[PDB]
Every structure is written in C-alpha cells, then in structure tokens.
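This report refers to the structure that appears directly beneath it.
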Amino acid sequence: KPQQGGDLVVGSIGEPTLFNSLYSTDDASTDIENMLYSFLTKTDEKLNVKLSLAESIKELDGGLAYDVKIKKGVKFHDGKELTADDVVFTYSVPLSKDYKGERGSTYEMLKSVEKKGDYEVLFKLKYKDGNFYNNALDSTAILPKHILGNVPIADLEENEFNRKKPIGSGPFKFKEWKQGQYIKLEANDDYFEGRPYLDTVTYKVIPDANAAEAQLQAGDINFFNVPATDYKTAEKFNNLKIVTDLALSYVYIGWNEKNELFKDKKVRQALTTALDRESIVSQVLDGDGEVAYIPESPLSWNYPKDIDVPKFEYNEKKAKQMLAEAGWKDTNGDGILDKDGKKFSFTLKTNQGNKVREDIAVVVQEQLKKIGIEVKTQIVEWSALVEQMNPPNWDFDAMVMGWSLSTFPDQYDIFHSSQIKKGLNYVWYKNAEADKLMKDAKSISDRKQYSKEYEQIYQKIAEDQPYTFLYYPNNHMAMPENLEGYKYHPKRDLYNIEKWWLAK
Amino acid sequence: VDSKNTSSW
Ligand SMILES: [Zn+2]
Ligand SMILES: [Zn+2]
Ligand SMILES: [Zn+2]
Ligand SMILES: [Zn+2]
Ligand SMILES: [Zn+2]
Ligand SMILES: [Zn+2]
Ligand SMILES: [Zn+2]
Ligand SMILES: [Zn+2]
Ligand SMILES: [Zn+2]
Ligand SMILES: [Zn+2]
Ligand SMILES: [Zn+2]
Ligand SMILES: [Zn+2]
Ligand SMILES: [Zn+2]
Ligand SMILES: [Zn+2]
Ligand SMILES: [Zn+2]
C-alpha cells in the first residue's frame with residue numbers, strides 16, 4: 001500500500017538558528033533536528049515514551065541509574081556506525097564546566113555517563129528526577145563523536161556542523177540552507193527504520209502568515225499551520241485537507257522583572273486585570289482557542305482539574321485602583337501614570353510573521369492606554385528575538401510569546417530562580433517558596449502525589465503573575481488530501497514524517 | 001521532550 005515518492009514543502013513563519021539539541025531553544029530549530037538526528041526515545045502522539053534508537057532501557061537503583069542498550073547497525077549520514085561512543089560523547093557535553101548552552105536543566109541530574117560496551121551505556125544520576133527518563137532521552141539528538149569529539153566544548157555551538165554541515169542518523173539528510181528562504185532535506189536511503197517514503201522535505205521560511213496562506217492556495221507550499229481566522233478560506237483550497245486539535249502550548253505575555261516597571265507583583269496582577277483576554281480571543285482568534293489561567297496545557301495529565309486559581313478577570317476600574325495602591329498615578333496631566341520620576345512606558349515585542357501576536361500586541365497597547373500605560377509595539381524577526389530573550393541578553397521589557405511545552409510536566413525549567421542565569425527563566429521570576437516546592441516535587445514518584453503537590457505550585461505562579469497567560473492555541477494543519485500515514489501530534493508538527501506518503 | 005520557544009499561535 002504505501003507508495004514511495006513526492007516532495008513536501010512545509011511553510012514556517014520562523015527561521016531556525018542551528019541544529020543541535022544541546023544549544024537550541026526554539027521550535028523551528030527543533031523541527032529540523034527531529035528530521036536530521038536520532039534520539040534514544042520518542043514521545044508518541046498519546047504522549048507515551050517509546051524506544052527509538054534504544055533497544056532497551058532498564059531503570060536501576062530506584063531511578064538513580066539507567067542501563068541503555070543501543071540498536072546495532074544504525075548509520076550516520078556519512079556511512080559510519082553509530083555506537084555508545086556517540087551517546088557518551090553527546091550527553092557528556094552539558095556536564096562539562098565549559099558548556100555554554102541554555103539546556104543545563106535537562107542534564108543537571110546526571111552524575112556521569114559511562115560506556116559499558118560498543119552498544120551499551122550506563123547513566124548515573126546524582127538524585128532522582130523524572131525529567132531524565134521522560135525528557136532528556138527524547139530531547140537529546142545523538143551527535144557523531146568521530147566528527148565533533150575533539151572540538152573544544154567552549155566552541156561547540158559556533159561550529160559549522162550546527163548550521164551547514166550537520167551529520168546525523170535521522171530519516172532525512174541535509175542538502176541546503178539558503179538563508180532567509182529555505183532548508184532542503186533529502187530522504188536518507190540508509191535510515192535504520194527504512195527510508196522515508198517522501199523524497200524531500202523543504203522547510204520554507206515565510207515570515208508573513210498571510211503570504212504563507214497565499215502560497216498554500218497556489219501550491220507553492222503544501223503543508224502549513226493555518227491561522228484560525230483563515231480556516232474557512234483555506235478549507236476551500238484545492239488538493240488539501242485540514243487536521244485540527246489542541247496544541248501542547250500556551251501563549252503569554254512575559255513581563256521582564258529586570259525592568260523596574262514589572263518588579264511589583266501587584267503591578268503585574270493589575271496588568272492582567274486591565275486586559276480583556278476573552279475579547280482578545282474573540283477578536284483576534286475568531287473565538288478559536290480558550291483563555292489560559294494555568295502554566296500547563298489541558299492535554300497534560302498534570303493539568304489541575306479541580307483547582308481554583310486566582311484568575312484576575314478583566315476589570316478596568318479595579319486595575320486603575322490596584323495601580324494607584326501600588327504608587328502609580330498621573331502627576332503631570334499627560335494621561336500616563338507616573339511614579340518616583342518615572343513614566344509607565346515600555347516596548348512590547350513579538351515575532352515577525354505571526355499576525356495573531358502582532359494583533360494581540362496592538363490590542364494590549366490600546367487596552368493599557370485606557371489606564372494610562374504607554375506601550376510601543378515592536379515586531380522582530382524570529383531568530384533575532386530568540387537571541388534577544390535568551391541569556392546573556394534578556395533584551396526586552398515585555399513580549400508576546402509562546403511555549404511548546406514539555407511532554408513531562410515540570411515547571412522548574414521555566415520558573416525556578418536557578419534558571420535565570422543560564423536557562424529559560426527569561427523574565428527573572430523568583431519566589432523562594434515556589435522554588436522549594438518545584439525542587440522538592442522532583443523526588444515524588446507517584447503521579448497522584450506529584451499532581452497534588454503541583455496544585456500548590458500552580459497557585460503560587462498564578463498569584464505571582466510572572467506572565468499574563470493569554471490562551472491555549474489550536475493547530476490547524478493543512479496537508480495534501482492524498483497524504484496518508486499522518487497522525488496528529490500536539491507538540492511535533494512533523495512527527496514521524498518518514499512514515500507519511502502520498503497516495504497515487 | 002523539553003520546552004521550546006514557539007513561533008506559531
Ligand atoms: Zn545561547
Ligand atoms: Zn562509578
Ligand atoms: Zn562506573
Ligand atoms: Zn570494540
Ligand atoms: Zn563513530
Ligand atoms: Zn572559545
Ligand atoms: Zn536514493
Ligand atoms: Zn503580507
Ligand atoms: Zn479551530
Ligand atoms: Zn471557548
Ligand atoms: Zn506622565
Ligand atoms: Zn506581520
Ligand atoms: Zn491581523
Ligand atoms: Zn509561605
Ligand atoms: Zn513546527
């Protein structure tokens with residue numbers, strides 16, 4: 001039944017930065033990595049962990065060690081055999097004092113990684129942490145030691161390997177990256193699970209959602225996440241079908257607490273209270289999506305079904321009062337709030353090509369103007385904005401942004417204060433009581449006990465409003481009407497693309 | 001799999 005052949009052209013509004021899971025922080029990079037490389041495990045469309053490169057994984061010492069046997073006969077794109085050496089190399093990099101990436105959180109539970117045979121590795125942990133089995137194993141792309149094994153770890157991120165000479169063992173091989181235009185990949189004929197059916201996959205960079213929709217209509221791209229507002233338009237396009245479901249994601253406003261304006265919890269609570277988030281969803285998403293009050297996706301087994309968290313529902317006069325109570329009032333008749341010789345004025349950034357977020361930024365500007373807060377909007381190209389938000393820059397006052405969430409629910413990576421300096425706590429949030437809860441939660445094995453203790457963490461994050469949570473988005477995936485073998489995955493848009501085929 | 005900044009939605 002399955003038929004070999006064809007070319008998929010995937011439209012993307014964001015350009016990748018590099019292809020290396022130890023350094024990338026963004027979904028566009030991750031999309032390409034998942035085609036180029038292999039991983040010990042893979043989380044499937046039901047969010048279950050499955051073996052991929054691993055032949056077997058045995059949990060030892062109550063979760064303080066993992067003995068991993070690797071499939072034999074797996075080749076890198078250069079024809080060389082993947083072995084334990086490569087796995088030991090790759091997972092040892094973030095344990096080096098010279099590691100300069102933002103992914104330290106994923107590996108900090110590791111004490112060591114040891115070769116036990118040509119195809120066998122033992123992982124040893126310093127303490128129990130479910131992030132290792134459930135996140136590190138499926139997130140860590142295996143790199144070739146015979147290429148990178150002697151590059152100084154301080155210089156690994158800059159290496160040309162990560163941009164235009166990547167060599168992996170994944171289902172597609174790198175052909176070309178025409179900067180600002182596209183990345184072209186070709187089926188790996190020697191892929192360990194069998195060659196892809198598709199001959200090529202092209203990731204076409206179009207930082208303008210309207211332009212991408214027009215290209216989809218014309219047949220210049222044939223796979224795209226259509227904005228909800230364009231659904232009724234796109235469903236009429238020739239030769240296409242659309243698969244729709246909830247994304248493992250939320251969209252938010254990040255308030256940078258490096259900025260004086262956003263250090264006070266009461267001010268952050270006021271900003272949320274000033275925003276008509278239901279109207280945002282109605283207006284900007286045409287009602288397609290739900291307002292978010294919790295830093296977790298409804299898809300998660302950890303999502304709290306029966307929790308009453310503070311919501312900070314829209315109330316313009318209450319926001320005014322809260323800001324006055326916090327010391328802000330217009331003291332110069334200019335219409336904008338004033339405190340200690342400073343005016344409440346800042347820049348709200350978001351990413352070029354996401355018309356929904358661009359619109360949200362304008363709506364936030366208008367709604368906050370009504371309570372005397374001045375916002376300048378700024379649209380920035382995706383790769384640059386990723387660079388700006390990350391350490392060592394944190395170069396934003398506020399941003400409209402999203403997370404593609406981890407499939408293993410743990411807020412430590414994003415909200416623990418230890419993750420500010422070199423991790424994903426871009427907004428400089430610190431609640432010492434929340435820190436303790438998140439740290440202590442790692443040792444809780446039973447899921448019911450874990451979820452129960454997480455109710456307290458959600459309460460603290462909700463109360464503190466380090467973000468204004470905006471909504472849980474839906475994906476609307478347009479694809480060729482004859483595309484077979486596709487399964488909807490809420491996190492990986494191109495999940496198992498090597499198994500998709502075009503019926504002819 | 002771990003958290004990533006997402007461009008879409
Ligand atoms: Zn970096
Ligand atoms: Zn030892
Ligand atoms: Zn040992
Ligand atoms: Zn040997
Ligand atoms: Zn080798
Ligand atoms: Zn150097
Ligand atoms: Zn061939
Ligand atoms: Zn346009
Ligand atoms: Zn929809
Ligand atoms: Zn609704
Ligand atoms: Zn003023
Ligand atoms: Zn635009
Ligand atoms: Zn618009
Ligand atoms: Zn307390
Ligand atoms: Zn994607």
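Residue numbers begin at 1 in each chain, while the letters A, B, ... track the order of the sequences.
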Next on the checklist: Going by side-chain hydrogen bond (donor to acceptor under 3.5 Å, both in side chains), name the residues that satisfy it together with B/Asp2, two or more places apart in sequence or in a different chain.
Outcome noted: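 Checked B/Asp2 against side-chain hydrogen bond (donor to acceptor under 3.5 Å, both in side chains); matches are A/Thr106.
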Checklist entry - So which part of A/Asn131 gets closer than 4.5 Å to some heavy atom of chain B, the side chain, the backbone, both or neither? => result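 Neither part, no heavy atoms under 4.5 Å.
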Item to check | Per-residue contact mode, A/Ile414 against chain B (heavy atom under 4.5 angstrom) | outcome: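 When you check distances to chain B, only side chain atoms of A/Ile414 fall under 4.5 Å.
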Checklist entry - What distance separates B/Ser7 OG from A/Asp31 CG, expressed to the nearest 0.5 Å? => result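 The OG atom of B/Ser7 sits 8.0 Å away from the CG atom of A/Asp31.
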Item to check | A/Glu381 atom CD: more than 12 heavy-atom contacts under 6.0 Å | outcome: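 More than 12 within 6.0 Å, yes.
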Next on the checklist: Taking atom CD as the centre, does A/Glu358 end up with more than 12 heavy-atom neighbours from other residues, nucleotides or ligands that are less than 6.0 angstrom away?
Outcome noted: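 Yes, CD of A/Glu358 has more than 12 neighbouring heavy atoms, counting only those of other groups under 6.0 Å.
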Checklist entry - Could you walk me through whether B/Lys4 and A/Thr30 pass the side-chain contact (heavy atoms from CB on, under 4.5 Å) check? => result CA-CA 8 Å; B/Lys4 276 73 99 308; A/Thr30 299; 3.3 Å; yes
Next on the checklist: Run the side-chain contact (heavy atoms from CB on, under 4.5 Å) test on B/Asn5 and A/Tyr426 for me, step by step, so that the C-alpha distance in whole Å, both residues' side-chain angles and the decisive distance to 0.1 Å come before the verdict.
Outcome noted: CA-CA 11 Å; B/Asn5 296 318; A/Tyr426 301 142; 3.4 Å; yes
Checklist entry - What residue in A/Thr407, A/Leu405, A/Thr43 has the most heavy-atom pairs under 4.5 Å with chain B? => result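 Top option by heavy-atom pairs under 4.5 Å: A/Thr407.
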Item to check | Between A/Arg492, A/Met389, A/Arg103, A/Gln352, the one whose heavy-atom pairs under 4.5 Å with chain B are most numerous | outcome: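 Option with the greatest count: A/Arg103.
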Checklist entry - Quick check: does any side chain N or O of A/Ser406 sit under 3.5 Å from a backbone N or O of B/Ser3, one acting as donor and the other as acceptor? => result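 Pair absent, no side-chain N/O of A/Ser406 close to backbone of B/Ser3.
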Item to check | Partners passing salt bridge (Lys or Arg N to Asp or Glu O under 4.0 Å) against A/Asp129 (at least two apart in sequence or in another chain) | outcome: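 Salt bridge (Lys or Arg N to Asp or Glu O under 4.0 Å) list for A/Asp129, sorted by chain: A/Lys442.
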